[PDB]
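Enquirer: Below are the structure tokens for one structure; questions will follow.
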Amino acid sequence: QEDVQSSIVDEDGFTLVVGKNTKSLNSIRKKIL
Amino acid sequence: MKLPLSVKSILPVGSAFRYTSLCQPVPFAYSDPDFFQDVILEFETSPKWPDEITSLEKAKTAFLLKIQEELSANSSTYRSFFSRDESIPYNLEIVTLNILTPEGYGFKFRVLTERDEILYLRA
Amino acid sequence: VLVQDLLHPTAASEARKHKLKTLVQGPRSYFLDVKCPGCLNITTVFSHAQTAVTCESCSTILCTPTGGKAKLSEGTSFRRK
Amino acid sequence: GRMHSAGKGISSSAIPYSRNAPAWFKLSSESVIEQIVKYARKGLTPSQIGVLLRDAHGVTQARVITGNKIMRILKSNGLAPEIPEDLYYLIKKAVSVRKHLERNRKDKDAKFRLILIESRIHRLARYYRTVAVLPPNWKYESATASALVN
Amino acid sequence: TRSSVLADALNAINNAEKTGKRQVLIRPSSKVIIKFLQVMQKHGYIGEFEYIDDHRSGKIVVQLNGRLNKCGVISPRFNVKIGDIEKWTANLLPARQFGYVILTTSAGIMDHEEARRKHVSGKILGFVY
RNA sequence: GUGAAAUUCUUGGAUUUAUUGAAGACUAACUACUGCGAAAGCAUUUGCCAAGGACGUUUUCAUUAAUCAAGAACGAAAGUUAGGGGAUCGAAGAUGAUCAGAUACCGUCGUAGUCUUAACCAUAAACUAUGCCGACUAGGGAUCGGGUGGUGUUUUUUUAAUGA
Ligand SMILES: [Zn+2]
């Protein structure tokens with residue numbers, strides 16, 4: 001939960017979008033899948 | 001009995017419950033293959049279930065342990081133990097709460113969840 | 001009983017003001033550059049896009065139109081301007 | 001002032017003050033014009049076309065990036081429409097609700113709204129024929145507009 | 001509707017001055033209003049003003065000292081000839097030594113005294129006293 | 001049943017009790033110093049048909065605007081013509097009681113009507129008893145709808161909605 005909703009930013013200026021109560025980056029990639 | 005989440009539904013699927021056991025059962029005749037009738041459990045829907053399968057079945061184990069401790073507290077005329085059910089393949093954690101009753105009978109108690117179905121569909 | 005030199009008002013007051021009630025009417029929205037998961041394609045989109053913009057190569061929707069602002073689809077790495 | 005109505009709500013869009021093209025924009029005006037012409041050949045209205053360029057392509061404003069209006073680009077490429085789209089839309093909605101009253105003659109409110117629609121239609125028709133973008137012999141009618149839009 | 005934009009400006013001016021406000025703001029703006037405030041600031045009945053552009057129709061801010069009794073308008077612009085200058089001054093101004101009625105001639109915008117000195121004649125805008 | 005009786009109908013037992021069914025209306029409480037509609041007006045479910053407000057928009061075009069005799073649409077109730085049913089209520093009318101008192105002036109039946117279809121009919125204390133369009137000029141709290149920002153809690157978590 002911390003690393004998912006810990007305000008991730010990329011190397012180049014680019015921040016991802018993350019919804020509320022969402023808990024896994026693997027799960028985000030599985031939604032993309 | 002009370003638990004921090006509400007008991008939704010307790011149902012029998014016993015073969016003697018549907019009147020098709022090979023024998024009509026006898027009190028204290030626990031050597032029958034159809035002695036322990038299957039009883040399916042369902043609790044209230046919680047938005048905080050563990051979304052991993054082993055942690056989920058182990059939380060089922062914990063809830064059955066809570067049933068076991070409270071029944072050993074307040075229903076001491078009944079006997080109880082845990083039997084490691086494994087009858088479904090690749091699930092190595094099932095625990096049937098087996099209850100013996102001084103009416104001479106015995107049952108298995110096992111937890112079902114929408115979370116079990118949703119993780120099986122995830123699998 | 002409400003004193004302020006309107007010649008040089010506070011930028012905070014102008015930001016809190018209505019969009020046309022600014023001293024010079026300017027647009028409050030902006031554009032964005034996004035990076036898809038499917039192809040890492042950077043695309044320019046409107047912050048208030050009324051259309052569900054998708055990526056070019058991967059047909060992956062980037063945003064959803066909802067009223068005032070456009071709601072981005074999940075897992076897209078964005079930047080202002 | 002929301003004429004033919006009691007409304008006074010104000011909900012519009014602004015303008016960036018500087019009239020020149022934006023700095024971060026790094027495309028071709030010719031590619032823009034091609035995209036426009038291909039979209040119009042695909043069959044969209046210039047308003048929706050400008051919306052598409054604003055959302056998907058990040059095209060801020062057509063007269064900002066290019067010296068031409070969207071309609072002027074379309075006409076220069078030969079894709080000028082027959083009627084202005086606003087009058088087209090009024091005619092189409094009027095026919096739609098005309099069929100709706102044909103289904104259900106009971107809606108006096110649909111009668112009222114159709115009347116006001118016809119009023120605005122006549123106002124814009126007088127205006128367009130004043131501009132003479134419309135043929136001077138042109139006339140809006142029920143049968144005329146139904147034969148036009150259907 | 002909003003017909004007379006300059007008269008709307010003048011009434012906002014008169015309203016803020018009757019309130020006793022210290023600076024005013026005017027949207028929209030035009031060159032005739034510009035010349036109006038130009039000759040007004042020249043005759044010192046006000047303080048200092050400033051234009052701001054918006055590319056639509058600009059805005060005007062005036063810091064005004066204390067010296068507006070009443071600014072006015074004649075909403076139909078009547079042609080004013082030479083004796084009509086006197087007639088309109090006698091009509092509008094409460095005493096002849098002071099007060100200024102404003103005229104647009106082909107030689108531009110000016111008060112009655114400058115218009116008499118220039119020997120011009122044209123249409124009437126309004127007055128300041 | 002009224003202030004009071006009384007007409008009324010109850011052994012083929014009314015009223016009542018329980019079990020229903022039919023009819024036709026109605027859509028309470030929730031309900032607001034709320035909402036929607038040009039007004040009159042608009043509260044059961046769901047669906048469809050369209051429509052509309054407002055908010056948001058770096059979409060559109062570029063005066064296309066207002067006031068408006070003539071003319072056009074709508075217009076509560078009732079009323080009028082042709083149909084329907086027609087529970088209830090109910091101008092008329094018919095009666096019981098006319099008893100002291102109207103301080104306590106009705107009771108019962110019941111036509112039109114009440115609703116609907118197709119038409120008319122254009123009045124209302126149809127009132128904010130207060131021409132329109134436009135601009136300026138006090139604050140302070142509200143609320144509703146839309147949007148924005150951030151804050152928290154409730155909320156939930158590879159699911160179809162993240163709402164309060
Ligand atoms: Zn792609």
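Each answer follows from the model by the rule given with it, or from the source it names; none is laboratory data. A quick note on method: Cβ atoms are made from the backbone with ideal geometry, for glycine too, and the neighbour counts reach across all protein chains shown.
Enquirer: Just to verify a result, which residue in the range C:50-65, among those that are facing chain A (nearest Cβ under 10 Å) and surrounded by fewer than 21 Cβ atoms within 10 Å (Cβ to Cβ), is farthest from A:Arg29 (Cα to Cα)?
Expert: C:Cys58
Enquirer: Based on this model, can you work out whether C:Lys71 counts as within 11 Å of RNA strand F (Cβ to nearest atom), without any contact (Cβ under 8 Å) to a residue 12 or more places away in the chain and closer than 30 Å to E:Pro28 by Cβ?
Expert: Taking the combined requirement at face value, the residue does not satisfy it.
Enquirer: For the range A:1-15, enumerate the residues that are free of Cβ contacts under 8 Å to residues at least 12 places away in the same chain and aliphatic (A, V, I, L, M).
Expert: Those that are free of Cβ contacts under 8 Å to residues at least 12 places away in the same chain and aliphatic (A, V, I, L, M): A:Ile8, A:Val9.
Enquirer: Here's a follow-up. Taking D:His122 as the residue in question, decide whether it is within 14 Å of chain C (Cβ to nearest Cβ), more than 6 Å from RNA strand F (Cβ to nearest atom) and touching a residue at least 12 places away in the same chain (Cβ under 8 Å).
Expert: Details: within 14 Å of chain C (Cβ to nearest Cβ): no; more than 6 Å from RNA strand F (Cβ to nearest atom): yes; touching a residue at least 12 places away in the same chain (Cβ under 8 Å): yes.
No, not satisfied.
Enquirer: When only residues in the range A:1-14 that are more than 9 Å from the chain's Cα centre (by Cα) and not small (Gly, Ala, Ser) count, which is nearest to B:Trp49 (Cα to Cα)?
Expert: A:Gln1
Enquirer: What number of residues in the range D:46-82 are within 14 Å of another protein chain (Cβ to nearest Cβ) and at negative phi?
Expert: Residues meeting the conditions: 17.
Enquirer: Within the group E:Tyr100, E:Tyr51, which residue is of a type in the set (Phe, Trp, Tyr) and within 24 Å of C:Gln4 (Cα to Cα)?
Expert: Residue meeting the stated conditions: E:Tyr51.
Enquirer: Which condition does E:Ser106 not pass, out of (1) in contact with a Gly (Cβ under 8 Å, 6 or more places away or on another chain); (2) in the same structural domain as E:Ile13 (by CATH), if it passes all the others?
Expert: Every listed condition holds for E:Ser106 apart from (2).
Enquirer: In addition: Taking the range B:82-123 as the region of interest, how many residues are of a type in the set (S, T, N, Q) and assigned to a loop (DSSP other than H, G, I, E, B)?
Expert: Residues meeting the conditions: 3.
Enquirer: Listed residues C:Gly68, C:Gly26; which is more than 16 Å from the ligand (Cβ to nearest atom), surrounded by fewer than 13 Cβ atoms within 10 Å (Cβ to Cβ), of a type outside the set (D, E, K, R) and within 11 Å of chain D (Cβ to nearest Cβ)?
Expert: The unique qualifying residue is C:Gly68.
Enquirer: Filter the range D:1-45 down to the residues that are charged (D, E, K, R) and without any contact (Cβ under 8 Å) to a residue 12 or more places away in the chain, then identify the one that is farthest from the other protein chains (Cβ to nearest Cβ). Give the derivation first.
Expert: At the first step, the residues of the range D:1-45 found to be charged (D, E, K, R) are D:2, D:8, D:19, D:26, D:30, D:34, D:38, D:41-42.
So of that shortlist, the ones also without any contact (Cβ under 8 Å) to a residue 12 or more places away in the chain come out as D:2, D:8, D:26, D:30, D:34, D:38, D:42.
Values: D:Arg2: 14, D:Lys8: 14, D:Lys26: 10, D:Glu30: 18, D:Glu34: 16, D:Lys38: 15, D:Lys42: 15 Å.
Among those that are charged (D, E, K, R) and without any contact (Cβ under 8 Å) to a residue 12 or more places away in the chain, it is D:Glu30.
Enquirer: Taking C:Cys55 as the residue in question, decide whether it is within 16 Å of the ligand (Cβ to nearest atom) and within 20 Å of A:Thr22 (Cβ to Cβ).
Expert: No, not satisfied.
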